[PDB]
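Structure file model.cif; described as mmCIF, C-alpha atoms and all ligand atoms; chains and numbers go by the auth columns.
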data_run
#
loop_
_atom_site.group_PDB
_atom_site.id
_atom_site.type_symbol
_atom_site.label_atom_id
_atom_site.label_comp_id
_atom_site.label_asym_id
_atom_site.label_seq_id
_atom_site.Cartn_x
_atom_site.Cartn_y
_atom_site.Cartn_z
_atom_site.B_iso_or_equiv
_atom_site.auth_seq_id
_atom_site.auth_asym_id
ATOM 1 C CA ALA A 1 22.998 -54.906 -87.869 0.00 20 A
ATOM 2 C CA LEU A 2 24.408 -58.329 -88.872 0.00 21 A
ATOM 3 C CA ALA A 3 28.177 -58.453 -89.347 0.00 22 A
ATOM 4 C CA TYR A 4 28.489 -60.383 -92.611 0.00 23 A
ATOM 5 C CA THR A 5 26.452 -60.916 -95.737 0.00 24 A
ATOM 6 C CA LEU A 6 26.716 -63.482 -98.507 0.00 25 A
ATOM 7 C CA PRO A 7 28.748 -61.910 -101.342 0.00 26 A
ATOM 8 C CA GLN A 8 27.530 -61.989 -104.942 0.00 27 A
ATOM 9 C CA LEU A 9 29.442 -64.279 -107.244 0.00 28 A
ATOM 10 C CA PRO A 10 31.425 -62.426 -109.940 0.00 29 A
ATOM 11 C CA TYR A 11 29.951 -64.683 -112.669 0.00 30 A
ATOM 12 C CA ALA A 12 26.850 -66.805 -113.346 0.00 31 A
ATOM 13 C CA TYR A 13 26.392 -70.246 -111.724 0.00 32 A
ATOM 14 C CA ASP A 14 27.239 -72.052 -115.004 0.00 33 A
ATOM 15 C CA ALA A 15 30.206 -69.760 -115.819 0.00 34 A
ATOM 16 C CA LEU A 16 32.815 -72.363 -114.768 0.00 35 A
ATOM 17 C CA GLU A 17 31.372 -75.309 -116.717 0.00 36 A
ATOM 18 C CA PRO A 18 32.410 -78.099 -117.365 0.00 37 A
ATOM 19 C CA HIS A 19 35.216 -77.686 -114.783 0.00 38 A
ATOM 20 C CA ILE A 20 32.815 -76.940 -111.958 0.00 39 A
ATOM 21 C CA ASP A 21 29.129 -77.812 -112.395 0.00 40 A
ATOM 22 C CA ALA A 22 26.408 -75.184 -112.068 0.00 41 A
ATOM 23 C CA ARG A 23 24.433 -77.132 -109.508 0.00 42 A
ATOM 24 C CA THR A 24 27.559 -77.327 -107.300 0.00 43 A
ATOM 25 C CA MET A 25 28.188 -73.612 -107.657 0.00 44 A
ATOM 26 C CA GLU A 26 24.648 -72.777 -106.582 0.00 45 A
ATOM 27 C CA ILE A 27 24.526 -75.146 -103.573 0.00 46 A
ATOM 28 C CA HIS A 28 28.067 -74.326 -102.511 0.00 47 A
ATOM 29 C CA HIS A 29 27.295 -70.631 -102.570 0.00 48 A
ATOM 30 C CA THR A 30 23.630 -70.477 -101.464 0.00 49 A
ATOM 31 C CA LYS A 31 23.642 -73.305 -98.889 0.00 50 A
ATOM 32 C CA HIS A 32 27.183 -73.949 -97.608 0.00 51 A
ATOM 33 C CA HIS A 33 28.588 -70.371 -97.671 0.00 52 A
ATOM 34 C CA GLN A 34 25.281 -68.936 -96.502 0.00 53 A
ATOM 35 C CA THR A 35 25.359 -71.323 -93.500 0.00 54 A
ATOM 36 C CA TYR A 36 28.856 -70.061 -92.562 0.00 55 A
ATOM 37 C CA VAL A 37 27.655 -66.437 -92.831 0.00 56 A
ATOM 38 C CA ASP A 38 24.574 -67.149 -90.715 0.00 57 A
ATOM 39 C CA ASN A 39 26.433 -69.089 -88.003 0.00 58 A
ATOM 40 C CA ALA A 40 29.218 -66.517 -87.872 0.00 59 A
ATOM 41 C CA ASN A 41 26.666 -63.727 -87.459 0.00 60 A
ATOM 42 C CA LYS A 42 24.980 -65.626 -84.600 0.00 61 A
ATOM 43 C CA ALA A 43 28.334 -66.077 -82.843 0.00 62 A
ATOM 44 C CA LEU A 44 29.264 -62.397 -83.281 0.00 63 A
ATOM 45 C CA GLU A 45 26.030 -60.915 -81.822 0.00 64 A
ATOM 46 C CA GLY A 46 27.103 -60.623 -78.178 0.00 65 A
ATOM 47 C CA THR A 47 30.644 -59.394 -78.902 0.00 66 A
ATOM 48 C CA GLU A 48 32.962 -56.489 -79.644 0.00 67 A
ATOM 49 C CA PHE A 49 34.065 -58.284 -82.831 0.00 68 A
ATOM 50 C CA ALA A 50 31.038 -57.744 -85.116 0.00 69 A
ATOM 51 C CA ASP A 51 32.490 -54.588 -86.734 0.00 70 A
ATOM 52 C CA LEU A 52 35.810 -56.122 -87.897 0.00 71 A
ATOM 53 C CA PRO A 53 36.363 -57.344 -91.452 0.00 72 A
ATOM 54 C CA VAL A 54 36.295 -61.154 -91.501 0.00 73 A
ATOM 55 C CA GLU A 55 40.008 -61.415 -92.482 0.00 74 A
ATOM 56 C CA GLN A 56 40.910 -59.327 -89.436 0.00 75 A
ATOM 57 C CA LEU A 57 38.571 -61.309 -87.158 0.00 76 A
ATOM 58 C CA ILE A 58 40.189 -64.677 -87.994 0.00 77 A
ATOM 59 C CA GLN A 59 43.565 -63.164 -87.044 0.00 78 A
ATOM 60 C CA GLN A 60 42.128 -62.473 -83.547 0.00 79 A
ATOM 61 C CA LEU A 61 40.477 -65.761 -82.503 0.00 80 A
ATOM 62 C CA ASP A 62 42.506 -65.967 -79.282 0.00 81 A
ATOM 63 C CA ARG A 63 40.976 -62.637 -78.189 0.00 82 A
ATOM 64 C CA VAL A 64 37.288 -63.550 -78.619 0.00 83 A
ATOM 65 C CA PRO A 65 35.225 -65.044 -75.764 0.00 84 A
ATOM 66 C CA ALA A 66 36.275 -68.635 -75.045 0.00 85 A
ATOM 67 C CA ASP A 67 32.823 -70.115 -75.685 0.00 86 A
ATOM 68 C CA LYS A 68 32.686 -68.477 -79.162 0.00 87 A
ATOM 69 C CA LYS A 69 36.215 -69.436 -80.309 0.00 88 A
ATOM 70 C CA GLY A 70 35.290 -72.727 -82.036 0.00 89 A
ATOM 71 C CA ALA A 71 32.182 -71.354 -83.764 0.00 90 A
ATOM 72 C CA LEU A 72 34.064 -68.340 -85.132 0.00 91 A
ATOM 73 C CA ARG A 73 37.089 -70.382 -86.232 0.00 92 A
ATOM 74 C CA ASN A 74 34.762 -72.712 -88.181 0.00 93 A
ATOM 75 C CA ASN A 75 32.224 -70.170 -89.449 0.00 94 A
ATOM 76 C CA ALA A 76 34.289 -66.966 -89.785 0.00 95 A
ATOM 77 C CA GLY A 77 36.874 -69.287 -91.271 0.00 96 A
ATOM 78 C CA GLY A 78 34.318 -70.696 -93.693 0.00 97 A
ATOM 79 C CA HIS A 79 33.178 -67.196 -94.615 0.00 98 A
ATOM 80 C CA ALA A 80 36.732 -65.886 -95.224 0.00 99 A
ATOM 81 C CA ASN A 81 37.725 -68.952 -97.259 0.00 100 A
ATOM 82 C CA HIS A 82 34.705 -69.068 -99.554 0.00 101 A
ATOM 83 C CA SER A 83 34.711 -65.312 -100.098 0.00 102 A
ATOM 84 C CA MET A 84 38.253 -65.567 -101.444 0.00 103 A
ATOM 85 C CA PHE A 85 37.458 -68.780 -103.354 0.00 104 A
ATOM 86 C CA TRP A 86 34.713 -67.214 -105.563 0.00 105 A
ATOM 87 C CA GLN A 87 36.982 -64.311 -106.448 0.00 106 A
ATOM 88 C CA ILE A 88 40.025 -66.346 -107.471 0.00 107 A
ATOM 89 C CA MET A 89 38.035 -68.325 -110.051 0.00 108 A
ATOM 90 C CA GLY A 90 36.643 -67.031 -113.357 0.00 109 A
ATOM 91 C CA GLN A 91 35.419 -68.025 -116.819 0.00 110 A
ATOM 92 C CA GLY A 92 37.437 -67.762 -120.050 0.00 111 A
ATOM 93 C CA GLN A 93 40.681 -67.849 -118.041 0.00 112 A
ATOM 94 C CA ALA A 94 47.038 -72.768 -121.024 0.00 117 A
ATOM 95 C CA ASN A 95 46.028 -70.633 -118.028 0.00 118 A
ATOM 96 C CA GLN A 96 48.901 -69.172 -115.981 0.00 119 A
ATOM 97 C CA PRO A 97 50.123 -65.992 -114.316 0.00 120 A
ATOM 98 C CA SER A 98 52.611 -63.412 -115.603 0.00 121 A
ATOM 99 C CA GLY A 99 54.780 -60.591 -114.370 0.00 122 A
ATOM 100 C CA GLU A 100 55.841 -60.357 -110.768 0.00 123 A
ATOM 101 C CA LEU A 101 53.652 -63.234 -109.499 0.00 124 A
ATOM 102 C CA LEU A 102 55.216 -65.599 -112.040 0.00 125 A
ATOM 103 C CA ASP A 103 58.663 -64.293 -111.020 0.00 126 A
ATOM 104 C CA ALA A 104 57.819 -65.084 -107.362 0.00 127 A
ATOM 105 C CA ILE A 105 56.516 -68.552 -108.376 0.00 128 A
ATOM 106 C CA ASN A 106 59.700 -69.303 -110.346 0.00 129 A
ATOM 107 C CA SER A 107 61.963 -68.304 -107.464 0.00 130 A
ATOM 108 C CA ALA A 108 59.909 -70.105 -104.753 0.00 131 A
ATOM 109 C CA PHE A 109 58.992 -73.317 -106.641 0.00 132 A
ATOM 110 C CA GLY A 110 61.268 -73.483 -109.731 0.00 133 A
ATOM 111 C CA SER A 111 58.460 -72.991 -112.268 0.00 134 A
ATOM 112 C CA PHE A 112 54.725 -72.676 -112.665 0.00 135 A
ATOM 113 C CA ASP A 113 54.513 -76.406 -113.532 0.00 136 A
ATOM 114 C CA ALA A 114 56.438 -77.355 -110.343 0.00 137 A
ATOM 115 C CA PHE A 115 54.232 -75.007 -108.316 0.00 138 A
ATOM 116 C CA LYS A 116 51.127 -76.684 -109.751 0.00 139 A
ATOM 117 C CA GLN A 117 52.501 -80.099 -108.728 0.00 140 A
ATOM 118 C CA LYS A 118 53.272 -78.947 -105.176 0.00 141 A
ATOM 119 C CA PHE A 119 49.824 -77.311 -104.830 0.00 142 A
ATOM 120 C CA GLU A 120 48.089 -80.432 -106.149 0.00 143 A
ATOM 121 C CA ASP A 121 50.151 -82.612 -103.800 0.00 144 A
ATOM 122 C CA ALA A 122 49.165 -80.473 -100.792 0.00 145 A
ATOM 123 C CA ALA A 123 45.524 -80.649 -101.837 0.00 146 A
ATOM 124 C CA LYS A 124 45.708 -84.404 -102.490 0.00 147 A
ATOM 125 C CA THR A 125 47.400 -85.293 -99.192 0.00 148 A
ATOM 126 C CA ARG A 126 44.928 -83.175 -97.212 0.00 149 A
ATOM 127 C CA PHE A 127 43.116 -86.044 -95.501 0.00 150 A
ATOM 128 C CA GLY A 128 39.448 -85.315 -94.763 0.00 151 A
ATOM 129 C CA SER A 129 38.026 -81.827 -95.303 0.00 152 A
ATOM 130 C CA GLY A 130 40.209 -78.819 -95.895 0.00 153 A
ATOM 131 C CA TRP A 131 41.938 -76.384 -98.183 0.00 154 A
ATOM 132 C CA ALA A 132 45.234 -76.106 -100.023 0.00 155 A
ATOM 133 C CA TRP A 133 46.738 -72.630 -100.204 0.00 156 A
ATOM 134 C CA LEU A 134 49.315 -70.463 -101.928 0.00 157 A
ATOM 135 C CA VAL A 135 50.493 -68.052 -99.247 0.00 158 A
ATOM 136 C CA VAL A 136 52.832 -65.107 -98.906 0.00 159 A
ATOM 137 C CA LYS A 137 54.980 -65.590 -95.792 0.00 160 A
ATOM 138 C CA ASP A 138 57.923 -63.254 -95.008 0.00 161 A
ATOM 139 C CA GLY A 139 57.575 -61.828 -98.554 0.00 162 A
ATOM 140 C CA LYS A 140 58.091 -65.320 -100.050 0.00 163 A
ATOM 141 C CA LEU A 141 55.558 -67.759 -101.576 0.00 164 A
ATOM 142 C CA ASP A 142 54.821 -71.214 -100.137 0.00 165 A
ATOM 143 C CA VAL A 143 52.197 -73.984 -100.369 0.00 166 A
ATOM 144 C CA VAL A 144 50.384 -75.142 -97.231 0.00 167 A
ATOM 145 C CA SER A 145 47.103 -76.859 -96.378 0.00 168 A
ATOM 146 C CA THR A 146 44.630 -76.594 -93.543 0.00 169 A
ATOM 147 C CA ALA A 147 41.920 -78.759 -91.984 0.00 170 A
ATOM 148 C CA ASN A 148 38.233 -77.972 -92.247 0.00 171 A
ATOM 149 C CA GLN A 149 37.722 -74.153 -92.457 0.00 172 A
ATOM 150 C CA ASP A 150 41.044 -73.153 -90.902 0.00 173 A
ATOM 151 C CA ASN A 151 42.869 -70.393 -92.811 0.00 174 A
ATOM 152 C CA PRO A 152 46.644 -69.714 -92.622 0.00 175 A
ATOM 153 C CA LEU A 153 45.734 -66.170 -91.422 0.00 176 A
ATOM 154 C CA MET A 154 44.652 -67.782 -88.125 0.00 177 A
ATOM 155 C CA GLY A 155 48.319 -68.561 -87.438 0.00 178 A
ATOM 156 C CA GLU A 156 50.390 -71.621 -86.722 0.00 179 A
ATOM 157 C CA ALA A 157 49.048 -72.447 -83.281 0.00 180 A
ATOM 158 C CA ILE A 158 45.440 -72.645 -84.537 0.00 181 A
ATOM 159 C CA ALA A 159 45.744 -73.654 -88.212 0.00 182 A
ATOM 160 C CA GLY A 160 49.043 -75.576 -88.119 0.00 183 A
ATOM 161 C CA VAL A 161 50.471 -73.252 -90.799 0.00 184 A
ATOM 162 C CA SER A 162 50.821 -69.518 -91.395 0.00 185 A
ATOM 163 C CA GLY A 163 50.922 -66.889 -94.141 0.00 186 A
ATOM 164 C CA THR A 164 48.609 -64.684 -96.183 0.00 187 A
ATOM 165 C CA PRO A 165 46.655 -66.698 -98.772 0.00 188 A
ATOM 166 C CA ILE A 166 46.434 -65.348 -102.307 0.00 189 A
ATOM 167 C CA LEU A 167 44.984 -68.552 -103.806 0.00 190 A
ATOM 168 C CA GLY A 168 43.169 -71.524 -102.326 0.00 191 A
ATOM 169 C CA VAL A 169 41.262 -74.600 -103.454 0.00 192 A
ATOM 170 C CA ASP A 170 38.430 -76.100 -101.459 0.00 193 A
ATOM 171 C CA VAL A 171 38.885 -79.872 -101.030 0.00 194 A
ATOM 172 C CA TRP A 172 35.818 -80.492 -98.937 0.00 195 A
ATOM 173 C CA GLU A 173 33.969 -83.230 -100.836 0.00 196 A
ATOM 174 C CA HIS A 174 30.974 -80.867 -101.293 0.00 197 A
ATOM 175 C CA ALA A 175 33.207 -78.779 -103.572 0.00 198 A
ATOM 176 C CA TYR A 176 33.612 -81.665 -106.080 0.00 199 A
ATOM 177 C CA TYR A 177 31.405 -84.687 -105.303 0.00 200 A
ATOM 178 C CA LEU A 178 28.486 -84.028 -107.686 0.00 201 A
ATOM 179 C CA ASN A 179 30.829 -83.681 -110.675 0.00 202 A
ATOM 180 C CA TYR A 180 33.849 -85.863 -109.737 0.00 203 A
ATOM 181 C CA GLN A 181 32.668 -88.053 -106.891 0.00 204 A
ATOM 182 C CA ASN A 182 35.790 -89.717 -105.390 0.00 205 A
ATOM 183 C CA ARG A 183 38.076 -88.359 -108.128 0.00 206 A
ATOM 184 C CA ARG A 184 39.676 -85.416 -106.300 0.00 207 A
ATOM 185 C CA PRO A 185 42.738 -85.416 -108.620 0.00 208 A
ATOM 186 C CA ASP A 186 40.447 -84.836 -111.659 0.00 209 A
ATOM 187 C CA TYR A 187 38.822 -81.927 -109.786 0.00 210 A
ATOM 188 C CA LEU A 188 42.220 -80.470 -109.080 0.00 211 A
ATOM 189 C CA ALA A 189 43.345 -80.770 -112.702 0.00 212 A
ATOM 190 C CA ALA A 190 40.129 -79.042 -113.782 0.00 213 A
ATOM 191 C CA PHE A 191 40.610 -76.287 -111.194 0.00 214 A
ATOM 192 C CA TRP A 192 43.620 -74.854 -113.003 0.00 215 A
ATOM 193 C CA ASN A 193 41.333 -74.005 -115.929 0.00 216 A
ATOM 194 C CA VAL A 194 39.218 -71.649 -113.785 0.00 217 A
ATOM 195 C CA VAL A 195 41.854 -69.794 -111.763 0.00 218 A
ATOM 196 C CA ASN A 196 41.696 -66.028 -112.324 0.00 219 A
ATOM 197 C CA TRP A 197 45.418 -65.187 -112.229 0.00 220 A
ATOM 198 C CA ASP A 198 44.758 -61.427 -112.605 0.00 221 A
ATOM 199 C CA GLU A 199 42.888 -61.664 -109.297 0.00 222 A
ATOM 200 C CA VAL A 200 45.661 -63.737 -107.700 0.00 223 A
ATOM 201 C CA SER A 201 48.191 -61.148 -108.985 0.00 224 A
ATOM 202 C CA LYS A 202 46.229 -58.343 -107.303 0.00 225 A
ATOM 203 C CA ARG A 203 46.187 -60.302 -104.060 0.00 226 A
ATOM 204 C CA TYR A 204 49.938 -60.907 -104.355 0.00 227 A
ATOM 205 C CA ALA A 205 50.535 -57.180 -104.797 0.00 228 A
ATOM 206 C CA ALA A 206 48.253 -56.461 -101.807 0.00 229 A
ATOM 207 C CA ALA A 207 50.079 -58.980 -99.589 0.00 230 A
ATOM 208 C CA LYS A 208 53.579 -57.761 -100.652 0.00 231 A
HETATM 209 MN MN MN B . 33.317 -75.258 -99.491 0.00 301 B
#
Produce structure tokens that represent the structure in this file.
Ligand SMILES: [Mn+2]
Amino acid sequence: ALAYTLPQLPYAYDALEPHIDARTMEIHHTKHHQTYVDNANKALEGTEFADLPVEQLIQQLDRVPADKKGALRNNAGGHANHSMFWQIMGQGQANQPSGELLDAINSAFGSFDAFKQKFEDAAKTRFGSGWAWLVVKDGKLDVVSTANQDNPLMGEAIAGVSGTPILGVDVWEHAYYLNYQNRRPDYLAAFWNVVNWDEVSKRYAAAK
């Protein structure tokens, strides 16, 4: 009766090549994400929180037992973040959104190109491990970043920022070191080639 399972990827391990290497995809998924799933399930065992979806759980960290707060923040956080991450990438995806998402990007950031710059800048200036995010907050889009496995859905007091993510990029060095080593900006440039903007559009619609 374990709470979470490792999701299947929506594509093969080499589907994102050369932008993201196959070996990275496999380790990232089968070692790193799996560890977050396993440690989250351990932390949830003696609780009333094992039946909640992970995205609801991370919105309730203040309510869980005090001794399990850190472990769930880190591991439920890791699980939520990676689960989204696999889904917002895809193969055979210049790659950009359309329709209402693009309209929201133009009004929030000026243009898709200016949005990409702001997103990259957030991801670049994230010192240490973390994520950069495109969030819906008060019906409007913004770019924020978080430390480690914090997610904007955890709220401002915990994560330092708020909002409902519809896109994120993992800037933990494990996400890019085998292919780009220290060159995080090259990783980030490459990332735009794999974003599934149909998926991000669905998430935008879901988040308002
Ligand atoms: Mn990661």
Got a sec to resolve the PyMOL selection byres (((chain A and resi 140-142) around 12) and not hetatm) on this structure and send the residues as a ChimeraX atom specification?
/A:128,131-139,143-149,154-158,164-168,190-194,208,211-212,214-215
At a cut-off of 12 Å and counting only C-alpha atoms and all ligand atoms, what residues surround ligand MN 301 (chain B)? Please answer as a PyMOL selection string.
chain A and resi 43-55+93-94+96-105+152-155+170-173+191-200
Residue with smallest distance to residue 79 (chain A) - pool A:21, A:92, A:64, A:161, counting all atoms listed in the file:
A:92
Extract, using all atoms listed in the file, all DNA, RNA and protein residues at most 8 Å from residue 83 (chain A), discarding same-chain residues fewer than 3 positions from it, and format them as a list in words.
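My reading of the contact set: residues 66, 68, 79, 80, 87 and 88 of chain A.
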Protein and nucleic acid residues near (44.2, -67.0, -121.2) (cut-off 12 Å, all atoms listed in the file) as a ChimeraX atom specification:
/A:109-112,117-121,215-221
Just how far from CA of residue 223 (chain A) is CA of residue 187 (chain A), in Å to one decimal?
11.9 Å
Using only C-alpha atoms, which of the listed residues (A:184, A:213, A:22, A:159) sits closest to residue 228 (chain A)?
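Among the listed residues, the smallest separation from residue 228 (chain A) belongs to A:159.
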Report, in Å to a single decimal, how far apart CA of residue 25 (chain A) and CA of residue 229 (chain A) are.
22.9 Å
